[PDB]
Amino acid sequence: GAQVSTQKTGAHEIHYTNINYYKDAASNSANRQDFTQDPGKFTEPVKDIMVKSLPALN
Amino acid sequence: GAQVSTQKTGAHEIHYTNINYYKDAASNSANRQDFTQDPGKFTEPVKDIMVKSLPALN
Amino acid sequence: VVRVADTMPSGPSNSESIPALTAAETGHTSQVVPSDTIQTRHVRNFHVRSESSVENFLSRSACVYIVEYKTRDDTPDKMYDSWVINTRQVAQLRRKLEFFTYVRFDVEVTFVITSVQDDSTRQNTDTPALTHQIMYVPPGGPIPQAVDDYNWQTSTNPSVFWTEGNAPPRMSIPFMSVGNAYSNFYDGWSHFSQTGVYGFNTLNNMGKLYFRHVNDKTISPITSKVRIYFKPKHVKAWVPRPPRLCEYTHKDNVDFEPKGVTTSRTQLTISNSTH
Amino acid sequence: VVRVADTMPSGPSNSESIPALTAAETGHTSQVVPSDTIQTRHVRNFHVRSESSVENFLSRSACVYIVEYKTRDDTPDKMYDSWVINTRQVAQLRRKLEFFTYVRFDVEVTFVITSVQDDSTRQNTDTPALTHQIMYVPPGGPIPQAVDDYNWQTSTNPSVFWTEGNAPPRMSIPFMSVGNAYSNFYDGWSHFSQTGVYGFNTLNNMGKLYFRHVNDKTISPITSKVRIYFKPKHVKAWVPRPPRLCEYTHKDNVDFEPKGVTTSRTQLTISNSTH
Amino acid sequence: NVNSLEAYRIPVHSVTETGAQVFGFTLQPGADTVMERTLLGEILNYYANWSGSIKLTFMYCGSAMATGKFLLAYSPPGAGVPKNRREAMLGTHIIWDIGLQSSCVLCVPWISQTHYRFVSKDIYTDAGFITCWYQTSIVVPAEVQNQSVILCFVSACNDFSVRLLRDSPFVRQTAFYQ
Amino acid sequence: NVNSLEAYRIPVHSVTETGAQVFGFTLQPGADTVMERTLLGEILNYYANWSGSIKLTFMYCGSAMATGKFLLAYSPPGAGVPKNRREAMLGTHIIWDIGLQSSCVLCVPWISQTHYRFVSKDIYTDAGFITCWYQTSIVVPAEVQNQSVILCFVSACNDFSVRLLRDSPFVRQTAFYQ
Amino acid sequence: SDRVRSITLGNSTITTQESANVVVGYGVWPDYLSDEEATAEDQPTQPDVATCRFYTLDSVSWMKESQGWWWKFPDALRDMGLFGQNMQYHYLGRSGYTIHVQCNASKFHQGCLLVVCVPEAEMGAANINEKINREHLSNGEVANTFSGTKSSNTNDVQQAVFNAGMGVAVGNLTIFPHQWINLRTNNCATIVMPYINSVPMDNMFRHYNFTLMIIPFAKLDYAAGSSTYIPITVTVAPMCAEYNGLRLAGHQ
Amino acid sequence: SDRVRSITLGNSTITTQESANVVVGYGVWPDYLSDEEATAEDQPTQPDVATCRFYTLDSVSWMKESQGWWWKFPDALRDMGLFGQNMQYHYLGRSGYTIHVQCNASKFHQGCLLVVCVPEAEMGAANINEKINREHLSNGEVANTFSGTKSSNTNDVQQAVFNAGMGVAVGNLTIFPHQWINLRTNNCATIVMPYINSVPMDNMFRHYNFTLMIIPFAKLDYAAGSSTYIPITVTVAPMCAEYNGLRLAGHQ
Ligand SMILES: CCCCCCCCCCCCC/C=C/[C@H](O)[C@H](N)CO
Ligand SMILES: CCCCCCCCCCCCC/C=C/[C@H](O)[C@H](N)CO
């Protein structure tokens with residue numbers, strides 16, 4: 001019941017092993033490898049989006 | 001001799017590993033994942049069952 | 001993964017169907033869903049009857065008795081202590097077990113041992129680590145009558161040794177009844193002529209524990225107090241019964257004083273007044 | 001593996017395209033890249049927004065309160081100590097949590113227990129290892145009122161025992177809110193007539209901890225001081241808000257004194273002078 | 001009346017005009033003193049959060065020749081207590097006619113802000129008021145007793161739940177049981 | 001001016017000759033007192049290294065009948081501060097005309113020796129000077145107010161980063177919050 | 001048997017055990033207004049749970065010498081929750097109804113009620129060239145009472161049971177949708193009543209759509225030991241209620 | 001051009017000619033509550049024409065020395081028609097909103113407003129260990145006013161513009177859904193705001209969902225002959241409003 005995933009290494013130059021030992025999901029370690037984002041709801045939060053080259057309020 | 005089963009997680013959003021280590025069944029952990037029930041012997045404990053829409057003692 | 005039942009939608013109705021009219025005189029609990037009386041919407045319900053099962057309700061460690069014994073005394077009976085094994089001297093674990101009439105479970109026993117230096121004139125000592133011995137005697141075995149008695153050898157009896165400062169000692173115990181379930185209540189006598197004792201005191205017969213300090217006579221008195229924690233696991237339970245209203249009195253009978261059924265209101269109809 | 005965006009090369013331009021002219025009056029943040037105004041080269045950028053995520057920012061253990069209690073006293077209330085559970089008495093963990101309005105996280109709790117022998121006449125003793133008990137009471141449970149009270153049995157309440165000299169005790173705690181997220185701020189009242197208390201003090205309701213020495217009355221006073229470390233893990237966070245400028249005053253309200261917006265310059269234009 | 005069996009009997013009889021209140025309590029299975037010591041109140045008093053619907057069944061224990069009608073109203077909170085039959089018929093209610101089928105069921109719907117209430121009392125999770133009113137009086141013939149008795153029942157529906165273990169507030173011992 | 005809302009208003013008006021300096025600060029998001037308490041300054045004050053470009057947006061809050069021009073210059077360090085408009089137009093700059101589109105963007109390019117700067121102040125990683133100058137004056141017609149207000153904005157680009165956690169230098173408590 | 005009937009409209013349920021049947025109007029069940037019969041042009045308001053539910057009126061006591069009672073019904077529900085509020089904020093209303101009347105006795109009591117639902121019951125006056133005040137035609141949920149003889153009060157309806165306040169024979173009053181509450185067989189009387197008017201929608205204050213009438217032909221009678229207080233309880237539920245022309249609250 | 005915008009919600013229409021754009025929340029448009037996120041079990045009430053329409057609040061006058069204004073918004077619409085009545089008769093409410101703010105000038109006036117829509121704006125007090133009365137956090141459709149300096153009234157909010165009553169930097173207050181009313185380009189500011197709360201439905205008296213704030217950064221200024229009185233008018237329309245748990249009228 002083991003899982004292999006890559007480590008945090010640098011660029012231009014791994015595979016640790018994790019096994020969960022407790023019956024609850026609240027005992028698991030922190031999920032410190034989710035690097036995704038979406039700033040489309042804080043920047044650009046408008047209706048009728050703008051095209052960055054047009055005067056846009058033309 | 002390992003067994004993989006799911007953890008207790010919430011809804012709308014696992015797989016721990018267990019190995020038994022002792023020769024007796026009295027050393028095993030608690031069976032805290034049996035969620036089944038049957039209240040047909042406490043509620044509805046009668047002969048000639050009732051159909052919930054008929055007067056039933058009609 | 002077993003969910004609770006969803007709520008199905010309903011509309012207006014006018015017919016000879018009567019889900020609300022029933023008769024509880026047949027000992028039958030009505031299966032009326034809220035979508036039978038009023039107009040309800042569709043609710044996808046994700047609740048799980050998980051932490052209400054008989055396994056999750058009883059499998060908690062509970063203090064059942066406090067055992068006190070010393071390390072040097074004038075009288076030899078205060079240097080060891082014993083306890084006839086029952087679950088009926090603390091009202092919490094007893095009242096949790098008395099939901100059912102018959103039970104079947106494995107036991108997980110954990111001892112918590114703490115030591116306190118007694119008050120004396122020569123408290124300034126340098127005492128090495130105390131080691132305690134907890135010997136279980138199955139029903140019928142020989143009984144030690146001193147701390148230096150030769151019945152403490154544990155040639156056949158189970159025992160456990162704990163040095164001070166470690167984790168608490170823990171062992172598991174299988175189902176030990178001579179019948180098919182631990183009878184929580186026994187309505188009957190001990191003798192066939194219906195005399196003797198009345199109650200569950202006939203069917204207890206579980207053995208008894210013994211506690212002493214493995215060390216010899218020290219030069220300062222120290223009071224040890226060990227607490228027994230039972231954990232019922234691998235649980236099966238049969239034929240439920242109502243919980244107890246009244247406060248308990250003794251361990252061997254079920255006797256009581258009459259208590260009122262509930263707390264009084266002093267009125268019978270609510271209002272928007274001082275209620 | 002998610003990189004940041006590369007810089008694309010550009011050349012000279014002369015046209016009616018105007019990336020630099022925009023209007024921030026629509027609440028819109030301009031998406032101007034440096035390759036839209038000046039001539040830039042091609043840069044393969046290998047930076048990772050890794051240690052800026054909401055998981056990596058909050059998942060650090062933080063001291064939330066200091067709890068002090070003794071082992072022998074004249075008054076019995078100074079032999080145990082209690083704490084109503086909140087994260088709003090240390091300004092660092094509070095100000096880190098108040099970036100967001102609603103949060104959802106599992107908690108990892110670690111206790112650090114240290115003992116100091118108090119000043120007395122009889123300091124020359126030989127004290128065995130102290131054992132501490134940390135009992136958590138869910139909201140509504142019975143409250144112990146002495147160190148020898150019979151509510152310390154932990155038949156249902158969670159507890160932890162630590163012998164002196166080991167590693168710190170650690171346990172995990174799931175998401176315990178009755179709503180869908182821990183409301184960091186609650187703009188509202190407690191009563192439906194809009195009276196009572198104003199603020200997040202209505203929605204706290206998390207229970208309270210209890211601390212005592214398992215050992216009995218010792219012959220010398222020792223002051224124990226246990227520190228609680230919270231670690232928020234498995235984090236989700238919603239609807240951000242600006243950080244606090246002003247210094248806090250209390251735990252139950254949000255009130256303040258007005259503080260200046262920033263530090264003064266005493267001039268408005270830079271120069272090559274004493275700046 | 002708690003030190004007898006009279007605590008279960010709801011007194012009901014023929015009235016003078018109409019429209020009086022019969023009984024009343026607050027929907028707190030585990031904190032209200034009416035349904036505190038009931039089986040639902042015991043099992044909910046070993047828990048801290050609860051959720052789901054509640055059935056209330058009323059059995060009429062009068063004579064076979066007597067008739068009557070009642071209004072079994074549920075009122076979610078936010079207002080106060082309904083003070084007459086006009087304010088009570090604005091909520092979840094049912095008119096019950098006494099005939100051959102001797103018992104009615106008021107199935108209290110789950111109407112809540114959150115998913116779970118609290119078993120102990122707090123201002124935030126308040127649940128409402130169960131009240132009962134005279135629709136029409138008890139008309140009885142000659143040589144039949146006028147005052148009769150209603151019995152009341154409670155149970156949980158098939159969508160009911162409990163979440164958090166705790167110790168019961170009822171267990172109170174001081175010494176051991178030697 | 002920090003104990004009011006006047007700290008946000010950049011005063012600007014019609015000049016006598018030309019070519020004077022409007023405002024100025026140093027590019028230190030997290031150590032400079034101008035952009036210390038800004039949102040970029042807060043989030044960068046929970047970090048110790050930073051990298052990437054910075055947008056500066058300027059909104060003109062004057063009248064619809066007024067015109068004007070400005071020079072928004074960036075100067076990497078190594079020299080001092082540009083002391084006139086002639087020394088300022090030798091760096092990264094932009095001429096902004098005030099018209100219908102009411103706001104301009106000065107996108108400060110990432111020009112550095114290393115990959116990351118420091119958020120706190122040191123001599124080794126110095127970043128430069130943001131300065132603003134009058135290209136042409138503010139010409140306004142009759143019966144219109146002369147003195148107007150520029151507002152300023154800051155944010156990060158899509159290539160921005162932070163690396164090292166530390167505690168903020170702003171949190172200062174002495175006792176607990178009873 | 002078919003004597004048990006159950007009705008659920010919203011969050012209110014009526015279970016009876018000695019019912020008889022259900023009269024449904026003139027055969028028509030209440031439905032919404034179609035686009036072919038519609039006159040106004042804007043979107044109506046259809047609450048359908050907060051409105052379509054049973055409202056319980058006042059209970060009235062039936063002595064041996066009682067003569068009758070009446071209620072006007074778009075007006076007796078003036079102060080009954082969101083039906084009354086939606087009446088006060090809109091200009092055009094349109095609904096059907098369901099009238100359920102409770103009255104119980106034992107097998108030793110006798111008597112017989114007549115529950116009539118009379119459309120456009122334009123009533124007479126006590127004095128012939130006199131104006132009737134609005135507090136006597138209707139009073140909300142409080143019932144007005146017929147009299148056994150020729151009543152000659154000021155500004156009041158002519159209250160005589162043998163003319164029903166309308167000038168007809170009270171025995172001929174069974175042409176309307178009616179039931180009987182006979183105390184040896186019945187316990188209740190359910191009347192489903194659709195919308196009957198000359199226009200598709202109408203204002204619910206200026207108009208009285210219909211009038212419920214409960215008149216005892218066989219007088220109430222009992223022996224020297226039976227129960228004296230016998231109430232009569234009326235419960236009403238609007239059906240297919242919709243509303244048009246939203247404006248401020250009032251009626252003037 | 002895209003500067004002309006028209007909005008129709010019910011029987012009310014807003015046509016503007018110098019609009020800018022429309023900020024829609026955090027990208028989410030207001031919609032009804034699904035059956036997966038639902039908690040209560042009974043049928044909700046969806047009026048959708050008598051409720052979802054524009055309500056016009058009080059106009060406030062903007063001098064040269066004005067500092068700001070705020071309105072609490074499930075509470076400023078307490079006495080606005082059937083939205084307020086449906087608030088008073090139900091227990092659980094859930095709605096989104098559309099906030100449109102009018103302010104006009106000429107091409108000779110200057111100034112700049114900031115229209116912020118702040119969720120959970122739990123405000124401070126003037127005296128630190130003191131309780132705030134409810135008449136100062138909210139007053140219905142009548143606006144409360146910020147002050148330029150440290151206000152120290154009794155039972156009142158700390159009214160200082162450079163802390164917005166909440167203890168933060170007012171320049172950092174642009175993280176919320178906001179627009180500007182710049183008097184050389186704008187005329188109005190439309191903000192569509194979905195439902196943001198920790199629970200799926202909540203009571204609309206005990207809770208304040210959000211707080212509109214209008215703060216002038218660039219002060220209003222004009223010459224010696226231009227018009228002095230410049231109003232600011234706020235108009236709000238609930239969206240996707242539904243209601244649960246009908247009971248009697250009141251709030252206590
Ligand atoms: C020293 C190692 C062995 C430890 C022995 C200690 C406990 C021995 C007995 C095991 C537990 C039995 C306790 C009683 C079980 C039932 O609850 C009772 N019969 C009443 O229900
Ligand atoms: C003895 C074993 C159990 C230990 C119990 C200690 C902590 C119990 C509460 C768990 C942590 C909850 C702390 C509060 C969480 C949120 O941050 C607050 N509601 C405010 O956001």
# chains A, B, ... in the order shown; residues from 1 in each chain; ligands from 1
>>> residues_near_ligand(ligand="ligand 1", cutoff="6 Å", atoms="only C-alpha atoms and all ligand atoms", output="mmCIF file with N, CA and C atoms, in the first residue's frame")
data_model
loop_
_atom_site.group_PDB
_atom_site.id
_atom_site.type_symbol
_atom_site.label_atom_id
_atom_site.label_comp_id
_atom_site.auth_asym_id
_atom_site.auth_seq_id
_atom_site.Cartn_x
_atom_site.Cartn_y
_atom_site.Cartn_z
ATOM 1 N N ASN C 86 -14.755 -6.770 38.816
ATOM 2 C CA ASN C 86 -16.092 -6.463 38.328
ATOM 3 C C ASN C 86 -16.080 -5.090 37.666
ATOM 4 N N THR C 87 -17.090 -4.827 36.843
ATOM 5 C CA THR C 87 -17.178 -3.553 36.145
ATOM 6 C C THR C 87 -18.248 -2.660 36.748
ATOM 7 N N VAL C 107 -11.473 -7.785 25.841
ATOM 8 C CA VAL C 107 -11.131 -6.725 26.780
ATOM 9 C C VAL C 107 -9.683 -6.322 26.535
ATOM 10 N N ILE C 134 1.868 -7.056 38.838
ATOM 11 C CA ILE C 134 0.420 -7.162 38.761
ATOM 12 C C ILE C 134 0.103 -8.591 38.355
ATOM 13 N N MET C 135 -0.306 -9.412 39.313
ATOM 14 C CA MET C 135 -0.550 -10.825 39.063
ATOM 15 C C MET C 135 -2.043 -11.111 39.058
ATOM 16 N N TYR C 136 -2.501 -11.765 38.000
ATOM 17 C CA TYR C 136 -3.890 -12.153 37.826
ATOM 18 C C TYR C 136 -4.069 -13.602 38.239
ATOM 19 N N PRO C 158 -0.823 -15.500 34.791
ATOM 20 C CA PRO C 158 -0.310 -14.358 34.031
ATOM 21 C C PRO C 158 0.121 -13.231 34.954
ATOM 22 N N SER C 159 1.135 -12.490 34.517
ATOM 23 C CA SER C 159 1.671 -11.397 35.311
ATOM 24 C C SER C 159 2.244 -10.337 34.387
ATOM 25 N N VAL C 160 2.532 -9.170 34.954
ATOM 26 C CA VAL C 160 3.180 -8.102 34.201
ATOM 27 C C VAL C 160 4.052 -7.298 35.160
ATOM 28 N N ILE C 173 -7.318 -9.408 26.432
ATOM 29 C CA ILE C 173 -7.942 -10.560 27.077
ATOM 30 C C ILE C 173 -9.120 -11.035 26.235
ATOM 31 N N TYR C 182 -21.693 -12.328 28.262
ATOM 32 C CA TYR C 182 -21.623 -11.791 29.620
ATOM 33 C C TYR C 182 -23.007 -11.311 30.019
ATOM 34 N N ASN C 184 -25.340 -9.262 31.754
ATOM 35 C CA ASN C 184 -25.322 -8.034 32.538
ATOM 36 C C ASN C 184 -26.327 -8.088 33.675
ATOM 37 N N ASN C 204 -20.652 -13.681 38.280
ATOM 38 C CA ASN C 204 -19.482 -12.822 38.123
ATOM 39 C C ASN C 204 -18.244 -13.660 37.822
ATOM 40 N N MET C 206 -14.903 -14.028 37.882
ATOM 41 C CA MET C 206 -13.895 -13.688 36.878
ATOM 42 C C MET C 206 -12.458 -13.721 37.377
#
>>> interface_residues(of="chain H", to="chain F", cutoff="8 Å", atoms="only C-alpha atoms", output="mmCIF file with N, CA, C and O atoms, in the first residue's frame")
data_model
loop_
_atom_site.group_PDB
_atom_site.id
_atom_site.type_symbol
_atom_site.label_atom_id
_atom_site.label_comp_id
_atom_site.auth_asym_id
_atom_site.auth_seq_id
_atom_site.Cartn_x
_atom_site.Cartn_y
_atom_site.Cartn_z
ATOM 1 N N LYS H 107 -18.141 68.189 -16.807
ATOM 2 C CA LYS H 107 -16.734 68.133 -17.178
ATOM 3 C C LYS H 107 -15.892 69.193 -16.485
ATOM 4 O O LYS H 107 -14.698 69.296 -16.776
ATOM 5 N N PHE H 108 -16.472 69.990 -15.591
ATOM 6 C CA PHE H 108 -15.707 70.957 -14.822
ATOM 7 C C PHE H 108 -15.507 70.551 -13.371
ATOM 8 O O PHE H 108 -14.752 71.220 -12.662
ATOM 9 N N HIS H 109 -16.160 69.490 -12.914
ATOM 10 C CA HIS H 109 -15.974 68.979 -11.567
ATOM 11 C C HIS H 109 -14.926 67.876 -11.559
ATOM 12 O O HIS H 109 -14.741 67.162 -12.546
ATOM 13 N N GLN H 110 -14.243 67.743 -10.430
ATOM 14 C CA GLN H 110 -13.258 66.693 -10.243
ATOM 15 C C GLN H 110 -13.518 65.984 -8.923
ATOM 16 O O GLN H 110 -14.215 66.495 -8.048
ATOM 17 N N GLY H 111 -12.964 64.794 -8.798
ATOM 18 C CA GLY H 111 -13.208 63.957 -7.639
ATOM 19 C C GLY H 111 -13.149 62.497 -8.025
ATOM 20 O O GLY H 111 -13.096 62.143 -9.200
ATOM 21 N N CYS H 112 -13.165 61.641 -7.005
ATOM 22 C CA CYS H 112 -12.998 60.209 -7.234
ATOM 23 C C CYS H 112 -13.529 59.443 -6.036
ATOM 24 O O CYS H 112 -13.031 59.622 -4.924
ATOM 25 N N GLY H 148 -13.050 62.213 9.890
ATOM 26 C CA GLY H 148 -11.665 62.385 9.499
ATOM 27 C C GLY H 148 -10.674 62.101 10.603
ATOM 28 O O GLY H 148 -9.524 61.747 10.326
ATOM 29 N N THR H 149 -11.083 62.258 11.855
ATOM 30 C CA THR H 149 -10.192 62.108 12.994
ATOM 31 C C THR H 149 -10.668 60.966 13.888
ATOM 32 O O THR H 149 -11.620 60.250 13.571
ATOM 33 N N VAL H 161 -11.269 57.371 8.651
ATOM 34 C CA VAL H 161 -11.245 56.918 7.263
ATOM 35 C C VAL H 161 -9.999 56.115 6.953
ATOM 36 O O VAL H 161 -10.039 55.189 6.136
ATOM 37 N N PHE H 162 -8.886 56.415 7.611
ATOM 38 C CA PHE H 162 -7.629 55.727 7.361
ATOM 39 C C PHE H 162 -7.549 54.370 8.049
ATOM 40 O O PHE H 162 -6.489 53.739 8.018
ATOM 41 N N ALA H 169 -5.363 49.123 6.700
ATOM 42 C CA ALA H 169 -5.019 50.253 5.852
ATOM 43 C C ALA H 169 -6.088 50.421 4.782
ATOM 44 O O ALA H 169 -6.453 49.454 4.109
ATOM 45 N N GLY H 171 -5.874 51.967 1.995
ATOM 46 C CA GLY H 171 -5.357 51.759 0.655
ATOM 47 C C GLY H 171 -5.331 50.299 0.252
ATOM 48 O O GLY H 171 -5.425 49.979 -0.933
ATOM 49 N N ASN H 172 -5.206 49.397 1.225
ATOM 50 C CA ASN H 172 -5.212 47.961 0.983
ATOM 51 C C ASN H 172 -6.607 47.387 0.886
ATOM 52 O O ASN H 172 -6.756 46.164 0.857
ATOM 53 N N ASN H 182 -14.833 57.819 -10.998
ATOM 54 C CA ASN H 182 -13.980 58.933 -11.372
ATOM 55 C C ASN H 182 -14.810 59.917 -12.178
ATOM 56 O O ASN H 182 -15.398 59.548 -13.195
ATOM 57 N N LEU H 183 -14.825 61.173 -11.749
ATOM 58 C CA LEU H 183 -15.760 62.122 -12.338
ATOM 59 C C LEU H 183 -15.339 62.637 -13.705
ATOM 60 O O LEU H 183 -16.071 63.453 -14.268
ATOM 61 N N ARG H 184 -14.206 62.219 -14.261
ATOM 62 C CA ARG H 184 -13.892 62.602 -15.628
ATOM 63 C C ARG H 184 -14.215 61.516 -16.640
ATOM 64 O O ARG H 184 -14.226 61.802 -17.842
ATOM 65 N N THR H 185 -14.450 60.289 -16.199
ATOM 66 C CA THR H 185 -14.802 59.195 -17.102
ATOM 67 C C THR H 185 -16.075 58.471 -16.699
ATOM 68 O O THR H 185 -16.842 58.064 -17.570
ATOM 69 N N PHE H 217 -11.292 59.214 -2.201
ATOM 70 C CA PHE H 217 -9.860 59.481 -2.096
ATOM 71 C C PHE H 217 -9.522 60.879 -2.588
ATOM 72 O O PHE H 217 -8.969 61.690 -1.844
ATOM 73 N N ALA H 218 -9.822 61.178 -3.847
ATOM 74 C CA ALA H 218 -9.642 62.530 -4.356
ATOM 75 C C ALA H 218 -10.858 63.359 -3.984
ATOM 76 O O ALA H 218 -11.980 63.026 -4.377
ATOM 77 N N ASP H 221 -14.073 68.943 -5.666
ATOM 78 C CA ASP H 221 -13.562 70.295 -5.807
ATOM 79 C C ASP H 221 -14.120 70.893 -7.086
ATOM 80 O O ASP H 221 -14.298 70.189 -8.081
ATOM 81 N N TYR H 222 -14.387 72.193 -7.046
ATOM 82 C CA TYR H 222 -15.038 72.880 -8.150
ATOM 83 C C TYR H 222 -14.750 74.367 -8.026
ATOM 84 O O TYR H 222 -14.184 74.828 -7.035
ATOM 85 N N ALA H 223 -15.142 75.116 -9.051
ATOM 86 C CA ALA H 223 -14.834 76.534 -9.109
ATOM 87 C C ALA H 223 -15.934 77.356 -8.447
ATOM 88 O O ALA H 223 -16.869 76.830 -7.849
ATOM 89 N N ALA H 224 -15.834 78.671 -8.574
ATOM 90 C CA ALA H 224 -16.703 79.574 -7.834
ATOM 91 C C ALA H 224 -18.072 79.772 -8.477
ATOM 92 O O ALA H 224 -18.827 80.635 -8.018
ATOM 93 N N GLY H 225 -18.420 79.013 -9.511
ATOM 94 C CA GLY H 225 -19.711 79.194 -10.144
ATOM 95 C C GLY H 225 -20.422 77.899 -10.468
ATOM 96 O O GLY H 225 -21.564 77.911 -10.936
#
>>> interface_residues(of="chain B", to="chain A", cutoff="10 Å", atoms="only C-alpha atoms", output="list in words")
residues 2, 3, 4, 5, 6, 7, 8, 9, 10, 14, 15, 16, 17, 18, 32 and 33 of chain B
>>> residues_around(residues="residue 275 of chain C", least_positions_apart="3", cutoff="12 Å", atoms="only C-alpha atoms", output="PDB file with C-alpha atoms, in the first residue's frame")
ATOM      1  CA  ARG C 265     -41.819  22.667  34.826  1.00  0.00           C
ATOM      2  CA  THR C 266     -44.329  24.283  37.296  1.00  0.00           C
ATOM      3  CA  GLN C 267     -46.588  25.082  34.317  1.00  0.00           C
ATOM      4  CA  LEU C 268     -48.024  23.000  31.504  1.00  0.00           C
ATOM      5  CA  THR C 269     -48.429  25.459  28.602  1.00  0.00           C
ATOM      6  CA  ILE C 270     -45.600  27.522  27.150  1.00  0.00           C
ATOM      7  CA  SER C 271     -45.930  31.229  26.480  1.00  0.00           C
ATOM      8  CA  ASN C 272     -43.799  34.142  25.360  1.00  0.00           C
TER       9      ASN C 272
ATOM     10  CA  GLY E  24     -46.517  22.960  25.033  1.00  0.00           C
ATOM     11  CA  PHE E  25     -42.747  22.477  25.132  1.00  0.00           C
ATOM     12  CA  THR E  26     -39.597  23.446  23.230  1.00  0.00           C
ATOM     13  CA  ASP E  32     -35.677  20.394  27.511  1.00  0.00           C
ATOM     14  CA  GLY E  80     -41.611  34.159  19.888  1.00  0.00           C
ATOM     15  CA  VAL E  81     -44.238  31.676  21.037  1.00  0.00           C
ATOM     16  CA  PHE E 129     -41.789  25.207  19.790  1.00  0.00           C
TER      17      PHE E 129
END
>>> interface_residues(of="chain G", to="chain H", cutoff="7 Å", atoms="only C-alpha atoms", output="list in words")
residues 43, 45, 46, 47, 49, 50, 81, 246 and 248 of chain G
>>> write_last_selection(atoms="N, CA and C atoms", output="mmCIF file, in the first residue's frame")
data_model
loop_
_atom_site.group_PDB
_atom_site.id
_atom_site.type_symbol
_atom_site.label_atom_id
_atom_site.label_comp_id
_atom_site.auth_asym_id
_atom_site.auth_seq_id
_atom_site.Cartn_x
_atom_site.Cartn_y
_atom_site.Cartn_z
ATOM 1 N N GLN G 43 -45.326 39.677 -15.193
ATOM 2 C CA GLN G 43 -45.109 38.358 -14.608
ATOM 3 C C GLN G 43 -45.811 38.248 -13.260
ATOM 4 N N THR G 45 -46.769 36.313 -9.465
ATOM 5 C CA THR G 45 -46.001 35.829 -8.323
ATOM 6 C C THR G 45 -46.657 34.560 -7.805
ATOM 7 N N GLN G 46 -45.916 33.454 -7.812
ATOM 8 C CA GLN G 46 -46.451 32.151 -7.419
ATOM 9 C C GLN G 46 -45.624 31.586 -6.273
ATOM 10 N N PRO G 47 -46.012 31.845 -5.020
ATOM 11 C CA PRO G 47 -45.208 31.381 -3.878
ATOM 12 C C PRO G 47 -45.289 29.881 -3.624
ATOM 13 N N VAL G 49 -45.776 27.578 -1.510
ATOM 14 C CA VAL G 49 -45.597 26.843 -0.259
ATOM 15 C C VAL G 49 -45.860 27.772 0.913
ATOM 16 N N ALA G 50 -45.372 29.007 0.811
ATOM 17 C CA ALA G 50 -45.615 30.018 1.827
ATOM 18 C C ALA G 50 -47.037 30.549 1.799
ATOM 19 N N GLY G 81 -50.709 35.539 7.777
ATOM 20 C CA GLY G 81 -49.385 35.289 7.237
ATOM 21 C C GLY G 81 -49.136 35.893 5.868
ATOM 22 N N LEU G 246 -47.539 44.717 -8.415
ATOM 23 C CA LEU G 246 -46.942 45.043 -7.125
ATOM 24 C C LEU G 246 -46.841 46.551 -6.925
ATOM 25 N N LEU G 248 -47.119 49.657 -3.251
ATOM 26 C CA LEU G 248 -46.964 49.855 -1.815
ATOM 27 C C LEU G 248 -48.143 49.275 -1.036
#
>>> interface_residues(of="chain D", to="chain F", cutoff="9 Å", atoms="only C-alpha atoms", output="ChimeraX atom specification")
/D:4-7,19-25,29-38,40,45,47-52,57,65,88-92,95,242-243,245,247-252,258-265,268-273
>>> select_by_dssp(residues="segment 13-177 of chain E", states="strand (DSSP E)", output="count of residues only")
60
>>> atom_distance(atom1="atom CA of residue 38 of chain A", atom2="atom CA of residue 28 of chain D")
15.3 Å
